[PDB]
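As structure tokens, one chain now follows by itself in the form deposited in one PDB entry.
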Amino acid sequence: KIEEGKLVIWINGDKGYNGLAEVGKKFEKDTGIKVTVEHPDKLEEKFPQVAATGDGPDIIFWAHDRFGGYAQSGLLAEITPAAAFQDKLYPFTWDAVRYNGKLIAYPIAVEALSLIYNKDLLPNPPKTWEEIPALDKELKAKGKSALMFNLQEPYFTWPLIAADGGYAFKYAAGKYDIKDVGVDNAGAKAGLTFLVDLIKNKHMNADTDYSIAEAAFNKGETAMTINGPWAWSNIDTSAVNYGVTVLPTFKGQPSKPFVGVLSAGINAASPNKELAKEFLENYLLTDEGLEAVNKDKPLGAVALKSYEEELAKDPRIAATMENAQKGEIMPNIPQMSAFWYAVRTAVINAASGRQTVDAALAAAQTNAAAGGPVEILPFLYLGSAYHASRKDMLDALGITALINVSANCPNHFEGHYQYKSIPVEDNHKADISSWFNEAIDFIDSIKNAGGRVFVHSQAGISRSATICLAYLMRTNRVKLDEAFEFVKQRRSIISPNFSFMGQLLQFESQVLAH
């Protein structure tokens, strides 16, 4: 869809959508172009889904890190600002939205996490992470706690993971090196270990999310939080006397927060690209437009040069910029998506005791630098014998059962999962179709118990793909070509051998007998 003559805009629920909506009604007042600002849930996930099929907003707002992958998938329109426009914003904020040398979004404002603290509860914030257990013990005796922050989003734990040496993708020369990932190095392990100790010793609760941590701080229950400039408005409205300061050090090194550039891309499918350009360039990216958003929820340090006067006259912006410089600005490469999903899983699982730090981080390193079991359905995964040997990678996903589709691959962890053997070779003589019904019943029974099956073969290319297609075709009554494109979209190297294709083709005829 996406209607001509209107603008729809998506922005995250923590940003100043009301103040953006006010810029939008200025636009409407002047142009008669209705502007609808929306803040959908899981916006960063939801946008590629809708935009893939030509739907979605006209303009999408997110930090720059997701935008390279949006562009790579053909979801974004190149932006072509005049040189006189490009000069109104800091050169480096343009760099953050530049992907293969094309400008793919408008930068708006620079974001970094800071340590926020209640000045009444804690006149002097700690300089180190190592101090925080002792403060929490003092504070707990008065019925408060030292620190609460969102443990469900890895962005909030990253400054500590990276302080001693963690990193996403190493920056070599002038390219990012997508095989050089620093998620399971000695630094990352040290940082995550410290966070896990905080929890196991009951200084934090692993269930804390954004809203719990904001409520606790803004009601005076907790002495410190970790959050960005958008959060300051709700503290103001509260009765809390707060400061924004340098994040504490860890092992004597500063916390290294990922620095995000809030950005606005134009949907490639929008028929209103010029309207979006006019709204963004001459209504939002002006001192008056940025001020309407900023009054609702602070943007941080806005990309707009003309604001270095007004900004930096705020100590909380100064604090943001100090944490920003101690950090690294996020890469925008298409792999950021898999990286974040991998670190999110590691953090939640280590924080919950479902995985040790070493198992959690190792699993995330492989998934980020190289890949892992591919989700087909929520209870059904597809992969290789290499994966079947990485217990950390099965556990990370919550695997409860495996279908080993091979004649020579051992069942490595028979203690810990339910195993179904299909002992066929990947050649023109194997009758894998003899096992389709057996395997579907196994999958179904494991699913009906809420578990997850990992189907693998030697390569994850032919034998296990063939089993996974047979499940889709019978379970949802779809043809082979439909099932094949669904899986191929998720695991691009699948290639059943010609005899397996025919056996699936014959199985198609039996399952859709009209």
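For every residue, the number given is its place in the sequence shown, counted from 1. Basically, rigid core = biggest C-alpha set you can superpose within 1.5 Å across the two forms.
K.L.:
Do the C-alpha atoms of 298 to 306 or of 145 to 153 have the higher average B factor in the entry?
P.N.:
Taking the mean C-alpha B-factor of 145 to 153 and of 298 to 306, the larger value falls to 298 to 306.
K.L.:
Give the stretch, out of 168 to 176 and 345 to 353, with the larger mean C-alpha temperature factor in the deposited entry.
P.N.:
The stretch with the larger mean CA B-factor is 168 to 176.
K.L.:
Whose CA atom has the top B-factor in the entry, of 82, 135, 393, 115?
P.N.:
Result of the comparison over 82, 135, 393, 115: 82.
K.L.:
Can you tell me which of 226, 89, 195, 338 has the highest Cα temperature factor in the record?
P.N.:
The C-alpha B-factor peaks, among 226, 89, 195, 338, at 89.
K.L.:
Going by the entry, which third of its chain does the Cα temperature factor of residue 207 land in?
P.N.:
Bottom third by C-alpha B-factor.
K.L.:
Per the entry's values, where does residue 20 land by CA temperature factor relative to the rest of its chain, in the lowest, middle or highest third?
P.N.:
Lowest third of the chain for residue 20's C-alpha B-factor.
K.L.:
Which third of the chain holds residue 411 when residues are ordered by C-alpha B factor: lowest, middle or highest?
P.N.:
It belongs to the middle third of the chain when residues are ordered by C-alpha B-factor.
K.L.:
Could you look up the Cα B-factor of residue 251 in the entry and say which third of the chain it sits in: lowest, middle or highest?
P.N.:
It falls in the bottom third of the chain.
K.L.:
Please place residue 70 in the lowest, middle or highest third of its chain by C-alpha B factor as given in the entry.
P.N.:
Its C-alpha B-factor belongs to the middle third of this chain's values.
Below: the form deposited in another entry, not depicted.
K.L.:
Would you say whether residue 98 is displaced between this form and the one not shown, judging by a C-alpha shift of 2 Å or more on the superposed rigid core?
P.N.:
Yes, its C-alpha moves 2 Å or more.
K.L.:
On a core-based superposition, does residue 354 travel 2 Å or more at its Cα between this form and the one not shown?
P.N.:
Comparing the forms between this form and the one not shown, which are aligned on their rigid core, residue 354 does not shift its C-alpha by 2 Å or more.
K.L.:
Taking the rigid core as reference, does residue 377 move its C-alpha 2 Å or further between this form and the one not shown?
P.N.:
Yes, the C-alpha moves 2 Å or more.
K.L.:
So the C-alpha spacing of residue 16 and residue 227 changes by 3 Å or more in the other entry; is that change toward closer or farther than shown?
P.N.:
Relative to the shown form, the pair is farther apart.
K.L.:
Once you account for a change of 3 Å or more, let me know if residue 327 and residue 309 sit closer or farther in the other entry, using their C-alpha atoms.
P.N.:
Relative to the shown form, the pair is closer.
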